[PDB]
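Take a look at this one chain, the form deposited in one PDB entry, written out in structure tokens.
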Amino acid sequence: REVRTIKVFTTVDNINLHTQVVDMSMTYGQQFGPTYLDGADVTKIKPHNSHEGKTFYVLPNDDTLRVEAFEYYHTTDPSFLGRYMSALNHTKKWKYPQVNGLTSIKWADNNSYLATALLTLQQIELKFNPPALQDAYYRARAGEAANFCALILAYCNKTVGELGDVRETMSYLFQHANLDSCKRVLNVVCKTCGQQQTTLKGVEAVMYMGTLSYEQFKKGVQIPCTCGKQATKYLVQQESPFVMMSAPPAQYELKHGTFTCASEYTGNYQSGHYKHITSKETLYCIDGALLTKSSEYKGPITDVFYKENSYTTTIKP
């Protein structure tokens, strides 16, 4: 019969704010359904004076919100916002030191794979299609990386605390990147079967699993033919700002100025730790918040990133 009310804003995207007047006697839950304040689940909290004028996230439960959510995130996955908020609640508590002019993450909750991915993303040319991802990437480049990390988690369907794979993370993120112009032309040659050429576009044009060396891919790599015998696969043409070469972790020597950055993986599928090696004026090894320099580097490398623009082979088949 006596009611206290505050004004708050609800949103799915943090750009379109929708005015609400809420009753302080009931929970946010009772009023909006699942509600979050800066990542924290406030579904079962009651509105408080300090809340007046703040923005709360809600799940998209009307047509306007569904459209906004889709336009912002480019996903219709009903669990997405929940998982993002959940992740954000953890990532907002992590530390993001500047290390050698790059935003890193101090180790917490098995986040070594995310630190490595975050560092990599700052050194290759990539534009994301979902406004959420692109906005968050710009802020992460500027030093505020908590949202970006939470979004990477939500898009890769990974929970805070779980061991992650960098190659898999890059692959999922790449699905949301504009890589439509990227083109790869391959040739596979059999002394018996002949020469078979393949054109790839998009994510598949910038990724390779089986060798770390971009040079080796240009020169030719041995693979089975349908004939049963050994054929040569080699890169004919590449049009992309970068390429990613991956392989199961093995001892490998990184030579200064022959690549942009690399992932080191110590461990197996059940446990392990990533470190990031970048080529600048010398070799930097970024391990979360820790930085070491060296002229040479030899370690279990699993991904290497190289710069590219437009490459044509000099091989005449």
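Numbers for residues come from their place in the sequence shown, where the first is 1.
Another form, the form deposited with a small molecule bound, is not on view; read the next lines as being about it.
Enquirer: Can you tell me which of 139-147, 71-79, 117-125, 89-97 lies within 4.5 Å of the small molecule in the bound PDB entry, counting heavy atoms only?
Expert: Looking at the partner contacts, the answer comes out as 71-79.
Enquirer: Scan 54, 255, 44, 66 and let me know which has any heavy atom within 4.5 Å of the small molecule in the bound PDB entry.
Expert: By the 4.5 Å heavy-atom cutoff, the listed residue in contact is 66.
Enquirer: Is residue 60 one of the residues lying within 4.5 Å of the small molecule in the bound PDB entry, judged by heavy atom distances?
Expert: Yes, contact at 4.5 Å.
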